[PDB]
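What follows is one chain in structure tokens, specifically the form deposited in one PDB entry.
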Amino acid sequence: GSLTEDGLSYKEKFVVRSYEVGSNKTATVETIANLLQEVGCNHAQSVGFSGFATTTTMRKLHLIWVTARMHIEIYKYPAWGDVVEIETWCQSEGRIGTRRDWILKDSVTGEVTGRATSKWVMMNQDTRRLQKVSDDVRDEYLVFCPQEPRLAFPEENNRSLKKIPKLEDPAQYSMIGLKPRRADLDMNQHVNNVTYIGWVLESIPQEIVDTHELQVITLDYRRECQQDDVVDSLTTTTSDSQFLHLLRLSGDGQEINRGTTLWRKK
């Protein structure tokens, strides 16, 4: 991987692995989401940021960036053995937080095969308290971001910024008692953000997966699932097929995530 000529974005190529593909012999959305995370980490490392991407003031004040929203749209899933090229960049969104965007391309054709956008908010890693971005922190990372806006989803009033409602009981479908194993944790022993995508998808009926391709997934992150927590995944059809999703703790029913998926007939 490498920073582009201007040093304001980063590119990396990936050959899709045998274990990374599903029943259609193309990369799963969880493989795509792991590749997005990987290119994001390699971009942070290439410009001086460390197991977290933090500025100097963030380390001093015990602050971390945490995902608030992930939105991904795939037009073509790369096949096993194919080379996919991913470009990523960060943008400041004033004191609300930061945004990390991605464009996916087929390496042979140069054609855009997917795009993603993610909203990140600042939080104290000890008290878990959300904060707005201080001027000192904002000034420490702005020189690594494009100054003029660069958006993976430019269109005014597009899918990436739509408000998601809370699924009401009874859910049409459910997958209960989901628990993370050690492979679901990252190097800091936190549940990987991609695991939540998998858990959301667990309550989609197998018949939908067998006859449809996932086109869009928007996921809100409200609370983290601890290593010893148990989760219930709920799905209701709102419609192409569209679904409304909810992940909550199995016991008290505390919300951890909410989302929507859009699927196209194969």
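One-based numbering along the sequence shown. So that the term is clear: the rigid core is the largest set of C-alpha atoms that superpose within 1.5 Å between two forms.
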{"property": "Between 225 to 233 and 57 to 65, the one whose CA atoms sit farther away in 9 other deposited structures of this protein (rigid core aligned)", "result": "57 to 65"}
{"property": "Farther-lying stretch by C-alpha RMS in 9 other deposited structures of this protein, rigid core as reference, of 162 to 170 and 139 to 147", "result": "139 to 147"}
{"property": "Residue gap status of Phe52, at least a third of other entries", "result": "yes"}
{"property": "Missing from the model but present in the deposited sequence, between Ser50 and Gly51", "result": "1 to 3"}
{"property": "Extent of unmodelled deposited sequence, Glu207 relative to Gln206", "result": "none"}
{"property": "Residue range whose averaged C-alpha B-factor is higher in the record, 158 to 166 or 79 to 87", "result": "158 to 166"}
{"property": "Candidate residues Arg138, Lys105, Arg181, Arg99, the one whose C-alpha B factor the record puts highest", "result": "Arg138"}
{"property": "Highest-ranked of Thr117, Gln131, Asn193, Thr113 once sorted by CA temperature factor in the record", "result": "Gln131"}
{"property": "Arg248 - which third its CA temperature factor falls in, relative to the rest of the chain", "result": "lowest"}
{"property": "Third assignment of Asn257 from its chain's C-alpha B-factors", "result": "lowest"}
{"property": "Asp240 CA temperature factor, ranked by third within the chain", "result": "highest"}
{"property": "Lowest, middle or highest third - CA B-factor, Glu224", "result": "middle"}
{"property": "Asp126 CA temperature factor, ranked by third within the chain", "result": "middle"}
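The same protein has a further form, the form deposited with a small molecule bound, not shown here; the description that follows concerns it.
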query	finding
4.5 Å heavy atom contact, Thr238 and the small molecule in the deposited bound form	no
is_contact(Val121, the small molecule) in the deposited bound form, heavy atom dist at most 4.5 Å	yes
Residue contact check: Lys60 to the small molecule in the deposited bound form, 4.5 Å heavy atom	no
The small molecule contact at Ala68 in the deposited bound form, heavy atom, 4.5 Å	yes
